[PDB]
Structures are given as C-alpha cells and as structure tokens.
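Student: Sharing upload.tsv here; it has TSV, C-alpha atoms and all ligand atoms.
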```
chain	number	residue	atom	x	y	z
W	1	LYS	CA	-11.01	-32.26	-24.76
W	2	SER	CA	-8.51	-35.10	-24.30
W	3	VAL	CA	-8.38	-38.89	-24.16
W	4	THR	CA	-6.56	-41.60	-22.23
W	5	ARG	CA	-4.33	-44.04	-24.11
W	6	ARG	CA	-2.90	-47.46	-23.31
W	7	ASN	CA	0.71	-46.47	-24.06
W	8	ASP	CA	1.33	-50.21	-24.07
W	9	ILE	CA	0.46	-53.41	-25.97
W	10	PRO	CA	0.59	-57.10	-25.04
W	11	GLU	CA	3.97	-58.80	-25.46
W	12	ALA	CA	4.81	-60.55	-28.74
W	13	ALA	CA	3.12	-63.95	-29.08
W	14	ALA	CA	5.68	-65.60	-31.36
W	15	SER	CA	9.38	-65.28	-32.10
W	16	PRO	CA	10.55	-63.46	-35.29
W	17	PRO	CA	11.01	-65.53	-38.47
W	18	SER	CA	14.03	-65.06	-40.73
W	19	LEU	CA	13.75	-62.64	-43.63
W	20	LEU	CA	16.77	-63.93	-45.57
W	21	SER	CA	14.99	-67.29	-45.51
W	22	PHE	CA	12.22	-65.94	-47.72
W	23	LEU	CA	14.67	-64.02	-49.91
W	24	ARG	CA	16.83	-66.89	-51.17
W	25	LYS	CA	14.02	-69.46	-50.90
W	26	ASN	CA	11.90	-67.12	-53.00
W	27	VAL	CA	14.43	-65.73	-55.46
W	28	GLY	CA	13.44	-67.54	-58.65
W	29	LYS	CA	11.56	-64.84	-60.51
W	30	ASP	CA	11.25	-62.22	-57.74
W	31	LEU	CA	9.14	-61.44	-54.67
W	32	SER	CA	6.60	-58.65	-54.16
W	33	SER	CA	3.26	-60.38	-54.72
W	34	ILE	CA	4.53	-63.27	-52.59
W	35	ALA	CA	2.74	-63.86	-49.27
W	36	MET	CA	4.50	-64.16	-45.90
W	37	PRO	CA	3.28	-65.66	-42.62
W	38	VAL	CA	1.45	-63.39	-40.16
W	39	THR	CA	4.29	-64.00	-37.67
W	40	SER	CA	6.51	-61.86	-39.88
W	41	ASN	CA	4.34	-58.89	-38.89
W	42	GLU	CA	4.08	-56.44	-35.99
W	43	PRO	CA	0.56	-55.47	-34.76
W	44	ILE	CA	-0.05	-52.45	-37.06
W	45	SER	CA	-0.57	-51.82	-40.78
W	46	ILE	CA	1.75	-49.85	-43.10
W	47	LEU	CA	-0.70	-46.95	-43.00
W	48	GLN	CA	-0.14	-46.78	-39.24
W	49	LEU	CA	3.65	-47.13	-39.56
W	50	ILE	CA	3.91	-44.20	-41.95
W	51	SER	CA	1.69	-42.27	-39.51
W	52	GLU	CA	4.59	-42.47	-37.05
W	53	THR	CA	6.18	-39.95	-39.38
W	54	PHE	CA	4.09	-37.54	-37.29
W	55	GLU	CA	5.05	-38.70	-33.82
W	56	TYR	CA	6.90	-35.40	-33.37
W	57	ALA	CA	4.48	-33.08	-35.16
W	58	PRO	CA	4.93	-30.35	-32.53
W	59	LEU	CA	8.24	-29.68	-34.30
W	60	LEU	CA	6.33	-28.37	-37.33
W	61	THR	CA	4.15	-26.23	-35.09
W	62	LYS	CA	7.24	-24.74	-33.48
W	63	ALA	CA	8.72	-24.21	-36.94
W	64	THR	CA	5.84	-21.93	-37.91
W	65	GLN	CA	6.83	-19.74	-34.97
W	66	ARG	CA	10.56	-19.38	-35.63
W	67	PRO	CA	12.38	-17.00	-38.01
W	68	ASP	CA	14.27	-20.06	-39.31
W	69	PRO	CA	11.54	-22.74	-39.79
W	70	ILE	CA	13.58	-25.02	-42.07
W	71	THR	CA	15.85	-26.07	-39.21
W	72	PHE	CA	12.81	-27.47	-37.38
W	73	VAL	CA	11.27	-28.99	-40.50
W	74	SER	CA	14.64	-30.71	-40.86
W	75	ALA	CA	14.44	-32.04	-37.31
W	76	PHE	CA	10.94	-33.39	-38.05
W	77	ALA	CA	12.06	-34.83	-41.38
W	78	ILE	CA	14.78	-36.85	-39.67
W	79	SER	CA	12.83	-37.64	-36.49
W	80	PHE	CA	10.85	-40.54	-37.97
W	81	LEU	CA	13.97	-42.73	-38.00
W	82	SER	CA	13.98	-42.92	-34.20
W	83	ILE	CA	11.35	-45.67	-34.22
W	84	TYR	CA	14.17	-47.98	-35.32
W	85	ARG	CA	16.40	-47.17	-32.34
W	86	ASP	CA	15.54	-50.40	-30.53
W	87	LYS	CA	16.75	-53.05	-32.99
W	88	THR	CA	13.75	-55.23	-32.18
W	89	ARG	CA	11.61	-52.94	-34.36
W	90	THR	CA	13.61	-54.09	-37.41
W	91	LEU	CA	12.74	-57.79	-36.98
W	92	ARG	CA	9.16	-57.56	-38.23
W	93	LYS	CA	7.04	-55.60	-40.71
W	94	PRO	CA	3.59	-53.95	-40.64
W	95	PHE	CA	0.57	-55.76	-42.04
W	96	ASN	CA	0.03	-54.94	-45.70
W	97	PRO	CA	-3.15	-52.84	-45.93
W	98	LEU	CA	-5.95	-53.97	-48.22
W	99	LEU	CA	-6.95	-51.77	-51.15
W	100	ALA	CA	-9.19	-48.97	-49.83
W	101	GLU	CA	-8.21	-49.76	-46.24
W	102	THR	CA	-7.92	-46.53	-44.22
W	103	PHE	CA	-6.39	-45.11	-41.06
W	104	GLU	CA	-7.34	-41.89	-39.31
W	105	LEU	CA	-5.31	-40.39	-36.49
W	106	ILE	CA	-6.52	-37.48	-34.38
W	107	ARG	CA	-4.12	-36.21	-31.72
W	108	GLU	CA	-5.90	-33.31	-30.04
W	109	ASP	CA	-2.96	-33.08	-27.65
W	110	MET	CA	-0.75	-32.12	-30.60
W	111	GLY	CA	-3.50	-30.23	-32.42
W	112	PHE	CA	-3.53	-32.36	-35.56
W	113	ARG	CA	-5.59	-34.94	-37.43
W	114	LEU	CA	-4.55	-37.33	-40.17
W	115	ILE	CA	-6.44	-39.43	-42.70
W	116	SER	CA	-4.80	-42.10	-44.86
W	117	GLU	CA	-5.90	-44.69	-47.42
W	118	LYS	CA	-4.38	-47.36	-49.67
W	119	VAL	CA	-5.11	-45.95	-53.13
W	120	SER	CA	-3.44	-48.73	-55.09
W	121	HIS	CA	-2.49	-52.36	-54.57
W	122	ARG	CA	-0.07	-52.93	-57.45
W	123	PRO	CA	2.14	-51.22	-57.12
W	124	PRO	CA	1.22	-50.42	-53.51
W	125	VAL	CA	0.42	-46.71	-53.13
W	126	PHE	CA	-0.51	-45.02	-49.84
W	127	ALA	CA	-1.90	-41.49	-49.56
W	128	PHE	CA	-1.71	-39.32	-46.43
W	129	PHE	CA	-3.09	-35.90	-45.48
W	130	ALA	CA	-2.32	-34.40	-42.06
W	131	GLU	CA	-3.94	-31.23	-40.73
W	132	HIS	CA	-3.16	-28.73	-38.01
W	133	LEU	CA	-4.40	-25.17	-37.52
W	134	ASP	CA	-1.05	-23.80	-38.70
W	135	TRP	CA	0.09	-26.41	-41.20
W	136	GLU	CA	-0.85	-29.38	-43.33
W	137	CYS	CA	1.08	-32.08	-45.13
W	138	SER	CA	0.19	-34.44	-47.97
W	139	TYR	CA	2.09	-37.58	-48.99
W	140	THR	CA	1.75	-40.15	-51.77
W	141	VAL	CA	4.15	-42.95	-50.94
W	142	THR	CA	5.18	-46.29	-52.36
W	143	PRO	CA	7.49	-48.24	-50.03
W	144	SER	CA	10.09	-50.14	-52.06
W	145	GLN	CA	12.65	-52.74	-51.00
W	146	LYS	CA	15.62	-54.14	-52.89
W	147	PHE	CA	17.78	-57.07	-51.90
W	148	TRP	CA	21.29	-55.63	-52.29
W	149	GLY	CA	22.89	-59.02	-51.71
W	150	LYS	CA	23.90	-58.86	-48.07
W	151	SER	CA	21.38	-56.19	-47.08
W	152	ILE	CA	18.09	-54.57	-48.12
W	153	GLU	CA	17.58	-51.07	-49.48
W	154	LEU	CA	14.46	-49.50	-47.95
W	155	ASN	CA	13.01	-46.44	-49.63
W	156	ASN	CA	9.72	-44.65	-49.32
W	157	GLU	CA	9.17	-43.40	-52.84
W	158	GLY	CA	7.38	-40.08	-52.81
W	159	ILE	CA	7.60	-36.45	-51.77
W	160	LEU	CA	6.30	-35.21	-48.44
W	161	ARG	CA	4.74	-31.84	-49.10
W	162	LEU	CA	4.58	-29.62	-46.04
W	163	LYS	CA	2.68	-26.34	-46.11
W	164	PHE	CA	2.63	-23.59	-43.49
W	165	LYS	CA	-1.00	-22.45	-43.23
W	166	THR	CA	0.34	-19.37	-41.47
W	167	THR	CA	2.23	-18.00	-44.47
W	168	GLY	CA	1.69	-20.59	-47.20
W	169	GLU	CA	5.40	-21.42	-47.39
W	170	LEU	CA	6.17	-24.90	-48.73
W	171	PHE	CA	8.70	-27.55	-47.76
W	172	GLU	CA	9.41	-30.76	-49.65
W	173	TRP	CA	11.65	-33.76	-49.13
W	174	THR	CA	11.79	-37.49	-49.64
W	175	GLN	CA	12.39	-39.70	-46.64
W	176	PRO	CA	15.98	-40.99	-46.56
W	177	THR	CA	17.08	-44.45	-47.59
W	178	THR	CA	17.63	-46.95	-44.78
W	179	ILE	CA	19.58	-50.19	-44.93
W	180	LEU	CA	18.62	-53.36	-43.11
W	181	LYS	CA	21.98	-54.89	-42.24
W	182	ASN	CA	23.09	-58.17	-40.69
W	183	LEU	CA	20.74	-60.27	-42.80
W	184	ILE	CA	23.40	-62.98	-42.81
W	185	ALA	CA	24.68	-63.34	-39.26
W	186	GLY	CA	24.30	-61.16	-36.19
W	187	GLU	CA	21.38	-59.18	-34.80
W	188	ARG	CA	19.43	-57.37	-37.54
W	189	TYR	CA	19.27	-53.58	-37.57
W	190	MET	CA	18.65	-50.53	-39.74
W	191	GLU	CA	20.66	-47.38	-40.30
W	192	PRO	CA	20.18	-44.45	-42.69
W	193	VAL	CA	22.67	-43.93	-45.53
W	194	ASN	CA	23.88	-41.23	-47.92
W	195	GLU	CA	21.83	-38.07	-47.67
W	196	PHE	CA	18.64	-36.20	-48.52
W	197	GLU	CA	17.51	-32.60	-48.56
W	198	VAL	CA	14.63	-30.37	-47.52
W	199	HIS	CA	13.90	-27.57	-49.98
W	200	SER	CA	11.83	-24.47	-49.28
W	201	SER	CA	9.54	-22.64	-51.68
W	202	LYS	CA	11.43	-19.51	-50.57
W	203	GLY	CA	14.77	-20.89	-51.70
W	204	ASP	CA	16.10	-22.19	-48.39
W	205	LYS	CA	17.67	-25.66	-48.54
W	206	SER	CA	18.73	-28.18	-45.89
W	207	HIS	CA	21.29	-30.91	-46.49
W	208	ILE	CA	21.40	-33.94	-44.16
W	209	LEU	CA	24.31	-36.37	-44.35
W	210	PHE	CA	24.38	-39.58	-42.31
W	211	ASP	CA	27.69	-40.85	-40.92
W	212	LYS	CA	29.13	-44.06	-42.36
W	213	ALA	CA	29.91	-47.36	-40.65
W	214	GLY	CA	31.02	-50.17	-42.94
W	215	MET	CA	32.83	-52.55	-40.57
W	216	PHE	CA	33.73	-51.30	-37.07
W	217	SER	CA	31.70	-48.82	-35.01
W	218	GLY	CA	28.61	-50.94	-35.62
W	219	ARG	CA	25.32	-49.22	-36.45
W	220	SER	CA	25.59	-45.65	-37.76
W	221	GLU	CA	23.58	-43.13	-35.74
W	222	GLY	CA	25.17	-39.72	-36.15
W	223	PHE	CA	24.40	-37.06	-38.73
W	224	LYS	CA	25.06	-33.43	-39.64
W	225	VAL	CA	22.64	-30.88	-41.06
W	226	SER	CA	23.81	-27.87	-43.05
W	227	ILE	CA	21.12	-25.21	-43.33
W	228	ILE	CA	21.66	-22.99	-46.38
W	229	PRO	CA	19.45	-19.90	-46.77
W	230	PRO	CA	19.14	-18.12	-50.14
W	231	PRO	CA	22.00	-15.60	-50.38
W	232	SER	CA	19.77	-12.51	-50.51
W	233	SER	CA	17.40	-13.11	-47.62
W	234	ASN	CA	17.99	-11.81	-44.10
W	235	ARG	CA	18.30	-15.46	-43.03
W	236	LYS	CA	21.78	-16.97	-42.59
W	237	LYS	CA	23.61	-20.31	-42.49
W	238	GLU	CA	23.28	-22.63	-39.48
W	239	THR	CA	24.43	-26.11	-38.48
W	240	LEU	CA	22.85	-28.99	-36.58
W	241	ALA	CA	24.20	-32.28	-35.26
W	242	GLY	CA	22.96	-35.31	-33.37
W	243	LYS	CA	21.93	-38.95	-33.48
W	244	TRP	CA	18.61	-40.08	-34.98
W	245	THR	CA	18.47	-42.48	-32.03
W	246	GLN	CA	18.55	-39.78	-29.35
W	247	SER	CA	18.45	-36.11	-30.32
W	248	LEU	CA	19.39	-33.17	-32.56
W	249	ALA	CA	20.87	-29.82	-31.60
W	250	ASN	CA	22.01	-26.54	-33.10
W	251	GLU	CA	25.74	-27.24	-33.12
W	252	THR	CA	26.66	-23.59	-32.81
W	253	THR	CA	24.80	-23.06	-29.52
W	254	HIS	CA	24.57	-26.76	-28.68
W	255	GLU	CA	20.87	-26.37	-27.89
W	256	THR	CA	18.59	-29.39	-28.18
W	257	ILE	CA	15.98	-29.07	-30.95
W	258	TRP	CA	14.42	-32.53	-30.73
W	259	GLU	CA	14.57	-35.58	-28.44
W	260	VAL	CA	13.13	-39.07	-28.62
W	261	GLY	CA	10.09	-39.81	-26.51
W	262	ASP	CA	9.57	-43.09	-24.66
W	263	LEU	CA	9.43	-46.68	-25.83
W	264	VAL	CA	6.94	-49.08	-24.27
W	265	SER	CA	7.99	-50.87	-21.08
W	266	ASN	CA	10.05	-54.01	-21.85
W	267	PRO	CA	10.34	-53.06	-25.58
W	268	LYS	CA	12.37	-56.11	-26.56
W	269	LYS	CA	9.29	-58.23	-25.83
W	270	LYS	CA	6.94	-55.82	-27.63
W	271	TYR	CA	8.42	-55.35	-31.11
W	272	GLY	CA	10.43	-52.33	-29.97
W	273	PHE	CA	7.33	-50.11	-30.23
W	274	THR	CA	7.44	-46.52	-28.98
W	275	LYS	CA	4.47	-45.42	-26.87
W	276	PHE	CA	3.12	-43.60	-29.93
W	277	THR	CA	3.30	-46.87	-31.87
W	278	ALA	CA	1.36	-48.70	-29.15
W	279	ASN	CA	-1.40	-46.12	-29.29
W	280	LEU	CA	-1.93	-46.41	-33.05
W	281	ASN	CA	-4.27	-49.42	-32.93
W	282	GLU	CA	-6.27	-48.40	-29.88
W	283	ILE	CA	-9.90	-47.39	-30.19
W	284	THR	CA	-10.46	-44.50	-27.78
W	285	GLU	CA	-13.33	-42.08	-27.18
W	286	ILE	CA	-12.12	-40.23	-30.28
W	287	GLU	CA	-12.65	-43.18	-32.61
W	288	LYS	CA	-15.39	-45.11	-30.79
W	289	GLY	CA	-18.38	-45.35	-33.11
W	290	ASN	CA	-16.97	-42.79	-35.54
W	291	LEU	CA	-14.88	-45.01	-37.81
W	292	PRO	CA	-15.83	-46.03	-41.33
W	293	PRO	CA	-15.87	-49.83	-41.87
W	294	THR	CA	-12.34	-49.66	-43.38
W	295	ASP	CA	-10.08	-48.34	-40.59
W	296	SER	CA	-7.00	-50.44	-39.76
W	297	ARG	CA	-8.16	-50.55	-36.15
W	298	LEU	CA	-10.99	-52.79	-37.35
W	299	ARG	CA	-8.85	-55.46	-39.00
W	300	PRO	CA	-9.45	-58.88	-37.38
W	301	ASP	CA	-6.01	-60.39	-38.11
W	302	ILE	CA	-4.11	-57.43	-36.71
W	303	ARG	CA	-6.38	-57.36	-33.66
W	304	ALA	CA	-6.18	-61.12	-32.95
W	305	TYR	CA	-2.43	-60.99	-33.52
W	306	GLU	CA	-2.09	-58.02	-31.18
W	307	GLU	CA	-4.03	-59.95	-28.58
W	308	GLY	CA	-1.81	-62.99	-29.09
W	309	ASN	CA	-3.90	-65.38	-31.22
W	310	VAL	CA	-1.37	-66.50	-33.83
W	311	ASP	CA	-3.49	-69.27	-35.36
W	312	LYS	CA	-6.67	-67.12	-35.33
W	313	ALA	CA	-4.77	-64.21	-36.87
W	314	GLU	CA	-3.19	-66.43	-39.51
W	315	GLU	CA	-6.68	-67.67	-40.40
W	316	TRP	CA	-7.83	-64.09	-40.80
W	317	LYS	CA	-4.81	-62.84	-42.76
W	318	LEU	CA	-5.41	-65.60	-45.32
W	319	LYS	CA	-9.11	-64.77	-45.42
W	320	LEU	CA	-8.66	-61.04	-45.91
W	321	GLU	CA	-6.17	-61.50	-48.75
W	322	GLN	CA	-8.24	-64.23	-50.40
W	323	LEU	CA	-11.32	-61.99	-50.31
W	324	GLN	CA	-9.46	-59.05	-51.84
W	325	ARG	CA	-8.23	-61.45	-54.47
W	326	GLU	CA	-11.74	-62.63	-55.39
W	327	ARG	CA	-13.09	-59.07	-55.55
W	328	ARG	CA	-10.12	-58.21	-57.75
W	329	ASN	CA	-10.62	-61.16	-60.13
W	330	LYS	CA	-14.36	-60.45	-60.43
W	331	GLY	CA	-13.48	-56.90	-61.42
W	332	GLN	CA	-15.31	-55.67	-58.31
W	333	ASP	CA	-12.18	-53.81	-57.33
W	334	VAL	CA	-12.98	-51.50	-54.36
W	335	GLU	CA	-12.07	-47.95	-55.32
W	336	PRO	CA	-10.43	-45.47	-52.90
W	337	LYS	CA	-12.88	-42.91	-51.54
W	338	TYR	CA	-11.02	-40.00	-49.90
W	339	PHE	CA	-8.16	-39.29	-52.31
W	340	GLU	CA	-8.14	-38.80	-56.08
W	341	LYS	CA	-5.26	-39.06	-58.51
W	342	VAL	CA	-4.03	-35.62	-59.59
W	343	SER	CA	-1.22	-37.05	-61.71
W	344	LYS	CA	1.25	-39.92	-61.84
W	345	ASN	CA	2.54	-40.79	-58.36
W	346	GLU	CA	0.36	-37.99	-56.99
W	347	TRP	CA	-2.95	-38.36	-55.12
W	348	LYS	CA	-4.84	-35.59	-53.34
W	349	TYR	CA	-7.35	-35.38	-50.48
W	350	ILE	CA	-10.89	-35.02	-51.77
W	351	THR	CA	-12.67	-32.02	-50.25
W	352	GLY	CA	-16.39	-31.44	-50.13
W	353	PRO	CA	-19.58	-32.81	-48.52
W	354	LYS	CA	-18.23	-36.26	-49.35
W	355	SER	CA	-14.74	-35.75	-47.92
W	356	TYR	CA	-13.54	-37.94	-45.06
W	357	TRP	CA	-13.88	-35.43	-42.22
W	358	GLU	CA	-17.27	-34.21	-43.44
W	359	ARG	CA	-18.68	-37.75	-43.64
W	360	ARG	CA	-17.27	-38.41	-40.16
W	361	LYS	CA	-19.34	-35.65	-38.48
W	362	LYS	CA	-22.52	-37.45	-39.53
W	363	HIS	CA	-21.38	-41.08	-39.76
W	364	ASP	CA	-22.06	-41.00	-43.48
W	365	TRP	CA	-20.68	-44.37	-44.63
W	366	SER	CA	-23.74	-45.84	-46.38
W	367	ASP	CA	-21.87	-46.26	-49.66
W	368	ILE	CA	-18.89	-47.88	-47.94
W	369	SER	CA	-18.63	-51.67	-48.00
W	370	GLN	CA	-16.92	-53.92	-45.46
W	371	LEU	CA	-13.61	-55.26	-46.84
W	372	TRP	CA	-13.84	-58.33	-44.63
H	1	LIG	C1	10.16	-48.22	-45.41
H	1	LIG	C2	8.74	-48.60	-44.92
H	1	LIG	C3	8.66	-50.06	-44.45
H	1	LIG	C4	7.53	-50.83	-45.14
H	1	LIG	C5	7.89	-52.32	-45.33
H	1	LIG	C6	7.03	-52.97	-46.42
H	1	LIG	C7	7.50	-54.39	-46.73
H	1	LIG	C8	6.72	-55.02	-47.91
H	1	LIG	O1	5.84	-54.38	-48.49
H	1	LIG	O2	7.04	-56.31	-48.32
H	1	LIG	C9	6.14	-57.33	-47.85
H	1	LIG	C10	5.96	-58.38	-48.97
H	1	LIG	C11	4.98	-59.54	-48.58
H	1	LIG	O3	3.79	-59.04	-47.97
H	1	LIG	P1	2.53	-59.88	-47.39
H	1	LIG	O4	2.53	-59.39	-45.86
H	1	LIG	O5	2.61	-61.35	-47.49
H	1	LIG	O6	1.21	-59.22	-48.05
H	1	LIG	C12	0.33	-59.87	-48.98
H	1	LIG	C13	1.10	-60.27	-50.29
H	1	LIG	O7	1.63	-59.08	-50.91
H	1	LIG	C14	0.09	-60.97	-51.26
H	1	LIG	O8	0.74	-61.36	-52.47
H	1	LIG	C15	-1.11	-60.04	-51.59
H	1	LIG	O9	-2.05	-60.71	-52.43
H	1	LIG	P2	-2.03	-60.72	-54.03
H	1	LIG	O10	-1.43	-62.01	-54.49
H	1	LIG	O11	-3.53	-60.51	-54.53
H	1	LIG	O12	-1.22	-59.40	-54.53
H	1	LIG	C16	-1.82	-59.62	-50.30
H	1	LIG	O13	-2.90	-58.76	-50.63
H	1	LIG	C17	-0.85	-58.92	-49.33
H	1	LIG	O14	-1.57	-58.54	-48.17
H	1	LIG	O15	7.23	-59.02	-49.39
H	1	LIG	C18	8.08	-58.44	-50.33
H	1	LIG	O16	7.64	-57.80	-51.28
H	1	LIG	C19	9.59	-58.58	-50.21
H	1	LIG	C20	10.20	-57.35	-49.54
H	1	LIG	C21	10.84	-57.70	-48.18
H	1	LIG	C22	11.13	-56.58	-47.41
H	1	LIG	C23	10.83	-56.44	-46.04
H	1	LIG	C24	11.07	-55.29	-45.26
H	1	LIG	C25	10.80	-55.57	-43.91
```
As a first step, turn the structure in this file into structure tokens.
Ligand SMILES: CCCCCCCC(=O)OC[C@H](COP(=O)(O)O[C@H]1[C@H](O)[C@@H](O)[C@H](OP(=O)(O)O)[C@@H](O)[C@H]1O)OC(=O)CCCCCCC
Tutor:
Amino acid sequence: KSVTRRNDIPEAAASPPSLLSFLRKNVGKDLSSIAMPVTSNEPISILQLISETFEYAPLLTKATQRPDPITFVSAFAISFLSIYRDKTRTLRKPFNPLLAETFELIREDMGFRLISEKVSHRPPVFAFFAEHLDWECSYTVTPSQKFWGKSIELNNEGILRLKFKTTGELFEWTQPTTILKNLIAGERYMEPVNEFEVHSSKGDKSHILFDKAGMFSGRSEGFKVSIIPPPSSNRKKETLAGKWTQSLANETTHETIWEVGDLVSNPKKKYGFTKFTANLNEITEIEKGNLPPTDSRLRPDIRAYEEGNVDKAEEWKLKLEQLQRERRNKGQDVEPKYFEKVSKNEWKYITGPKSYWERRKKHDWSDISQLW
C-alpha cells in the first residue's frame, strides 16, 4: 500500500527572534533549563528533526546490495546535513519533546519504519530505532550546544549503530559537528567542521573531511571522503567528493551517489523545510487512529503553531512544560515505555508483546497516560 502526503506546510506565522539575544541576556550562570518563546521554534519536535537523518534511507538499502557498502553508508551519514542548505532552516529550532513523548515514522515507499522516544529530560536523551527488511539502526543521542563566543558548536552526542540484516555487518559513526555562524551580524547559517569517520565491523573505515572557510568564500559546503578498506580484503581504496548542499560522487568515475531531494515551495517563508520535513507532522492513513497518546503529531502547541496560532501555541507550550514540571516535582515522573537503558549513554528498543510495534497492531495503550 501507499499514502498521499501534503509535501507542504503553511507559511511561518511570525518572524525569527534573535538567538544571540538570549545568549548574552541569559549568560549569568548558564542556559539549558532556560525557557524560550514558542516563536523560536519551527513546527516539529527534536524527535522529528533527528528522524530527518533517514530522509535518504534508500542509500542504506542500496549499500546492502553493493560490494563496497561503506561508500554508501558514508553518503547516508553525510546526507542529513542537507536540511540546512537553505539558511532559513538555521533560524529556528525544533520544539523540545516532553519526557516520554514519542514519534513513529513509517515510510512504506522506502520500506522502513522508525520509532523514537525521549528517554530522559536532564540531560535530554533521545532514543531511535529504525527498521527495514535488510537493515536496522539504533541511536541514543543527546544534542549539545556550546557558545564558542562568536558562534555555537552543535553536536549530537551518541553513536549511530547501523546493522545490515542481510549479513549482520555493522557500521558506526557519530554525526559531525556543525557551527552556527554569523550570530553577530549577517544572515545566520550552519556549516560542518573538522571531520568524522564511519567504521565497519569488518575493518573498513571511511574518513570525511569538510572544507574550511574562515573569512572569504562564505559558507563551507565541500567535502572529501577517503574510503580505506582493510589491507587484506579483496576490497580496495576509493574516493568521493561533493557538497552536502547538493550531491556526492565517486571522484574516480565522477558518478553521482546521492543528491538532495526537493524543498517545499517558497522555502524562505516556510522555515526552509524539505518536503520530507513538511511530511513529518502530518497524520495520514498510516497514523490515523493508530498512534499512542504520546506521538509528537498530537502536540497542541506544535499543531497550533504549524497552523499559525502564535498566541494559542504559546499558551500551550507554557502549559505542557508546566504540567511536566508538576509531574516531575510530585515524583510522578512519566517513565519511557519502548526503550530500556542497557548502559550509560545507551538505550535499546524493548522487544516483546509489550514492544511499540506489537502494541500498535492492537491499539494496546491502556497503560499509557496523556502527557497533556
Ligand atoms: C544538532 C541538533 C539540533 C537540536 C537543537 C536543540 C537546541 C536546544 O536543546 O536548546 C533549547 C534550549 C531551550 O529550550 P526550550 O524550547 O525553552 O524548552 C523548555 C526548557 O528547556 C525548559 O527549561 C524545560 O522545563 P524545565 O525547567 O522543567 O527543565 C521545558 O521542559 C523545555 O520544553 O536552550 C538552550 O539550552 C541553549 C542552547 C541554544 C542553542 C540553540 C540551537 C538552535
């Protein structure tokens, strides 16, 4: 089966507030558990944003069918940055999910399904588990930001663990650091920095290094990828090149490996969302009547905001956070249901008759309370 999607969202209802305003105005001790106005947000939660890591999942599927899978895993690993190609996307942030808030994403068109949940509030910890017939990926991430003085260091702390269900081979990597520049003057934007690597359980390793731009060619967008197989295996060295804002190719044969999809129409007036982004908060035939009470698609503030009601959304954002606060203080902390801690910084999808997907088949959410 298949479903129809909006591939669009209403235009932004308010202009973007300044981030540096909050920084200096809120230095004192130091941010984190400091609230921000709803207008500083884009119409999706962090759970949904991280889900965009899978916009180009077909790359992983193709990887399971190529003698040199790491080159495609490397394309996928870098692909997520493309959502920041239209600078507008860097002007706002996702809504902060409530503890135990969830987000499921089933893309039958791409043959995969994903389930995610906020497993911790302080520090904030998000757990993801994506599934496809030929692969699966788990992720325990903690987004961290650090005011560097004239810019902000953005890092998703955590290892993405990819697994080929075809052969059981494993791939791991941490998403690369990004820097939000032009906090002072000029139009804000983000660009990746330094480098990161994708390591294979079979020894193969991929090294990605982003070009540098400190004061001239504006935003950095190019990058090189050096594939390095284990000297011993029949596999051999390869090289890739491209721009995380457009595409990646095998630089030896100059063949395109990955390309960006489409942004929504008139992106500058719609947070710079890609079409995939715009489809994240839509309730289609897939979700209709199948969601637990905690999915991000059911949040009132995000919904009202998406539909343009600033005041109404602001009312709701304050309400949701206040309620979580009271539950917290009463010690009636809502505990995550679909992931369990396996170690420090590591959560794992709970399997069984009480797992997410099993409960879903029979709408078994009797023990699940409304968070708002
Ligand atoms: C790489 C992936 C990108 C992900 C970007 C993530 C950016 C980020 O989490 O910061 C946002 C925060 C402010 O949140 P805010 O919306 O008011 O969320 C609420 C507050 O944290 C509030 O204190 C809390 O109540 P508490 O009192 O009960 O805890 C509520 O439960 C929360 O809902 O400000 C800061 O910590 C400063 C950092 C600024 C950086 C911005 C980047 C755009």
Student: Between CA of residue 292 (chain W) and CA of residue 318 (chain W), what is the distance, to one decimal in Å?
Tutor: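 Computing the Euclidean distance for CA of residue 292 (chain W) and CA of residue 318 (chain W) yields 22.5 Å.
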Student: Please give the centre and size of the box around region 249-258 of chain W (axis-aligned, containing every atom listed in the file, 6 Å added per side), with values in Å to one decimal and written as lines of an AutoDock Vina configuration file.
Tutor:
```
center_x = 20.5
center_y = -27.8
center_z = -30.5
size_x = 24.2
size_y = 21.5
size_z = 17.2
```
Student: Pick out the residues no farther than 7 Å from ligand LIG 1 (chain H), counting all atoms listed in the file, and list them as an NGL selection string.
Tutor: :W and (31-37 or 46 or 92-98 or 143-145 or 154-156 or 321 or 324-325)
Student: Given the point (10.0, -29.5, -38.1) in the file's coordinates, find the residues that have an atom at most 8 Å from it, counting all atoms listed in the file, and give them as a list in words.
Tutor: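 Applying the cut-off with all atoms listed in the file, one gets residues 57, 58, 59, 60, 61, 62, 63, 69, 70, 71, 72, 73, 74, 75, 76 and 77 of chain W.
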Student: Just to confirm, what's the straight-line distance from CA of residue 351 (chain W) to CA of residue 284 (chain W) in Å (one decimal)?
Tutor: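 CA of residue 351 (chain W) sits 25.8 Å away from CA of residue 284 (chain W).
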Student: With all atoms listed in the file as the atoms that count, which of W:308, W:10, W:242, W:331 lies nearest to residue 79 (chain W)?
Tutor: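 Checking each candidate against residue 79 (chain W), we get W:242 as the closest.
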